[PDB]
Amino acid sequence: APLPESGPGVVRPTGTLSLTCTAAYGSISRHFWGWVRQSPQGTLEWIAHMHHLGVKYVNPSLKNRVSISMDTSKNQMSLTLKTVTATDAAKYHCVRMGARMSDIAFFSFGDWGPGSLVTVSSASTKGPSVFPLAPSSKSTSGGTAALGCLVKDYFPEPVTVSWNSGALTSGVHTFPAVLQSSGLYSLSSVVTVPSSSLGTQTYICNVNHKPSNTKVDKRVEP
């Protein structure tokens, strides 16, 4: 199955998009693996797929600028898309595929990666400023409280946000980002926790903004 796909976040117009897919839990040399992009409107478009021995199929409307390759020693597949245009903005998914050859030839997109979001823009990446949203029991059920992190003014999407290094998942809600007239995103991540844990348990939001290579571990204290 594919790990989260690796990408640049943002690509300038006429620039080159470079994506890398890494297989986990097995080898990349046992299947066809492909790329399918999901548009902002939510439609699906096949890009290419290949097998590590060299058989490649590329979408003809993209053939003049697509390259696809595998590195079996790294268990990885790469996609290169040159001369990018605005309509190349999409979520790019790496997929482990099924294949059959009888009297009929057949493929299937069996295991889809979460996808790498690609924004086409000339603006430069900006990393987030992170501020604590100190806990409050005004709005929560009995014995609980809400606390969180404000992740301000970053570009492009996304930011990933975990709590206590992934040890805390229950009651976590990371809200979709607002897109501001400045062209920058802000979001909030909140966790609902027992009030009695405010003293005993420390709460750190782990903010990662891969496009800018910025990480923040923010301690959220009452």
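Residue indices: 1-based, along the sequence shown.
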property: Between 57 to 65 and 186 to 194 (mean CA B-factor, as deposited), the higher; result: 57 to 65
property: Mean temperature factor over C-alpha atoms, higher-scoring stretch between 97 to 105 and 133 to 141; result: 133 to 141
property: C-alpha B-factor winner, where the candidates are 119, 116, 72, 78; result: 72
property: Highest-ranked of 28, 50, 159, 179 once sorted by CA temperature factor in the record; result: 28
property: Cα B factor band for residue 23 (lowest, middle or highest third within the chain); result: middle
property: Residue 13 by Cα B-factor - lowest, middle or highest third of the modelled chain; result: highest
property: Relative C-alpha B-factor of residue 151, binned into the chain's lowest, middle or highest third; result: lowest
property: For residue 1, the third of its chain into which the C-alpha B factor falls; result: highest
property: Assigned third (lowest, middle, highest) for the C-alpha B factor of residue 128; result: lowest
